[PDB]
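So that you can tell them apart, the chains are marked A, B, C, D, E and F in the order they are listed, and the count of residues begins at 1 in each.
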Amino acid sequence: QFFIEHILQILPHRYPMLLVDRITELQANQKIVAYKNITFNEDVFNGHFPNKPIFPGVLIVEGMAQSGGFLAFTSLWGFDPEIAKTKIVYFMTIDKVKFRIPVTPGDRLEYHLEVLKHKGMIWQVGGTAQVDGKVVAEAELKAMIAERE
Amino acid sequence: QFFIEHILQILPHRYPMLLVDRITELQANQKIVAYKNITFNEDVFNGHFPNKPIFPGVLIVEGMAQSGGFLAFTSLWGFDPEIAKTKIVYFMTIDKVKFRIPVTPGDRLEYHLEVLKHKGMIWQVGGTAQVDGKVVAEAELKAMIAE
Amino acid sequence: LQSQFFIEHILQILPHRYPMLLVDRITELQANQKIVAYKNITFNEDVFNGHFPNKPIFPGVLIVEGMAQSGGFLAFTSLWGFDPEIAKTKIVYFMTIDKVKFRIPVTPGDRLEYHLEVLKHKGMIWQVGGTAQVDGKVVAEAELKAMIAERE
Amino acid sequence: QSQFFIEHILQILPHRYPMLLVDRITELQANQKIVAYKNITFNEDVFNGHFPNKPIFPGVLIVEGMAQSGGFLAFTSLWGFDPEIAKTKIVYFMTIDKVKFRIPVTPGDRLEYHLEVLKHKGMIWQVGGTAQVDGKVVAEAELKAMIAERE
Amino acid sequence: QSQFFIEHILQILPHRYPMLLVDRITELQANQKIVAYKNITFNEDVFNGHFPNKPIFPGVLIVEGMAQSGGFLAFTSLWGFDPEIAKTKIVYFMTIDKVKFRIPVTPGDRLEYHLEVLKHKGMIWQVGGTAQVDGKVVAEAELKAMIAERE
Amino acid sequence: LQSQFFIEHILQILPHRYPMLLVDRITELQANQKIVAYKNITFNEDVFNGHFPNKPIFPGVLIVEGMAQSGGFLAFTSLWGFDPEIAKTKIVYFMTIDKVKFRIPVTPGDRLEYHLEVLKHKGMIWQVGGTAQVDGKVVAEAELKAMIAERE
């Protein structure tokens, strides 16, 4: 399990684009289960939408991407902050995205990603986003890990 | 239950000071149980503290005051959005608060409040704030509803 | 229906608001066919504080979002024309997103131009596909299916 | 020293925007008392939600400002003015008692903190005092906070 | 009235967060002058980038506050405290001149705007004055605005 | 010293940060003489929340700020070329603003182009004057004097 502090040392993302609060499950080269809490106290809700708070679907995808990248990175180098700073995880494609249920404040947005296939630095992950056991979204993504600036 | 939509119709608090996401239990003139999710994606963490996100203890208290306010608006006027939209809430007193465990991103901050006393618009309640079944804080407070 | 709309008009049709209204101006609009709009990218946006420190890159998912909002404007006005009163009773919902591909990173100073075309539409169901471009170059491409839903 | 400005507060207190609620220190006696203040203006984010059409500086933030006042007094009383030592320290609230709000604080108010040390041992400080506007008391509070090395 | 609080300023000026830069009106003489102020606190977003580790209220925002004060003066002089009519007008500023900055403004400062009508002909208002902190002239500037119909 | 600089470069020269860095890219630069730069204007900027609701207008005073920052970039690079270690120790202070005229309101979707020339300069004191332009038209005019000083 990894907490926000650990996440912050692996991912370069910061406020307000770090969308993973905690990692509950992690199997190298296999899968990951992480989540992000959804609360009203988030700036996005001011505009999406007034008097009707709905967590953006694209951000649910961004959350799945971040989880997948965290998976791809730790599988290769484990918990290594120094190496994390020397790498970039670039998302090339995203496909098969489907939104079934709206995520709102109060929900625990859980990400479930598994490694579909990986060769070299190219990693393809897929899975779902869930709230209390039900699939609220699904998607497949492909990332490329490379050397930073 | 009362979801955020409902909460917004009763409490006048708005971003970034509305600190209750959902109401799980309510019993007029008795008690209320609600909660707020804590995530890194909240502006308060930029300054509290950099590299060490800790949900402010005073905001935990504010969240309990708000939970008690909801119970007060409802015990008073039931769920009546139009009477509510004309009021605001003022903090009167806060006492006997203790912080046991720090609340952080990933935590589900559950509020437990019971009414200790009340007269007219002045309400006194007390209880705790809990994370995964454990008490992270205790407090008592008195607020006033006003036109 | 005109073919050019400014932020004043976008605000009357779309429900999105700060910081999630990612379309600044509509330059071309063909009912039931296509729309060409754009969003200016500037460092002065909160998103860059966290994506990323010292290296501002506009989130690929937001590029898609801007594409969806552009398509939503096209879908709505393709049916009711510029009608604020009705627009305020409808909300465009996207059900799917496919074949998204990011080719070039978008950065402050860029003029992110959205190019969406109507692949299929029946009733309130709209399927759109297209690209996001900067200086005539494709920076991303996507396909999305949306639903014109009732706000209440 | 007895007077300190925002430059000095920033070097001592760990708090940062939008949670640094002390703008200036007008006087302080080591291990004894500190007088400081925070300017309240409409141009502050909390006002968007507290409350629309009626800007009222949150009561719990006045308490927060008093605590930070105490923290500054605590830190300088232990290590004097030492930024390098202070940069890795954090401050945890332990308890809050007998607080009472008497007058709403609004934009244009100069919120003045008055804290006195009621007891302190090691990293644990118990301060007590008031928040004043135009020489009048708007709030009272007693609180215990702990200075801790960040780990 | 002679003194207007944030509540009143909100009903007269269209400006909102984070561009409403006047917190209270302490003096107001129809067609002659106005004295108002805005508190300066660290808890303001602008200090995040102007400048990190050195909070200095932007000079262009001091002029803005001065302009806002001039506008209130002009509007109230024509129709008094009338929120209803206020919503149908705009105070378009055409020129700014002779502005000099003497002392930087920092968190903890009380920025007091001192403006006076230099000329009023038809829908054109010319105002000038200074920004002061604790009796000291911090900035001066002249501004010209046009009263028009809100669209 | 080149004549085209991007945000990553501007970030390494000017001390300004969000939400007060109002220059996104430099398109032209002549040491000690002139500079042409620009800032993209988008609805997705916090300042529009209050200036004004339902009618986004980029504040005129912020246009002068942008002109000053472009000037600042000119001054720094003229003085020390592209030098991040030395620039990092400085800040910029406004001294005077003059002859500012606001001819056309700037709104989301506009590309605010700054055109400044060095009127006078000696040491850390720089005096510049020029215009702010949108699609070839003069949107604003201004003259200003600024000083570069150690953050001490």
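Please note the rule applied: contacts are C-beta pairs under 8 Å (C-beta built on N, C-alpha and C of every residue); 3 or more make two chains touch, one makes a residue touch a chain.
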To reach subunit D from subunit C by way of touching chains, what is the minimum number of steps? 3
Cα centre of subunit A to Cα centre of subunit B, whole Å, reads 30
Roughly how far is subunit A from subunit D, going centre to centre by Cα mean, in whole Å? 38
Residue list for subunit B, restricted to those that touch at least two other chains: 15-16, 18, 43-44, 46, 51-52
Traversal of the chain ring from subunit E via subunit F: E, F, C, A, B, D
Give the list of subunit F residues in touch with subunit C in this complex. 6-8, 10-11, 18-19, 21-22, 24-25, 38-49, 54-56, 107-111
Footprint of subunit F on subunit E - complex, ascending: 14-20, 45-46, 48-54, 56, 58-61, 63-64, 67, 92-101, 104, 141
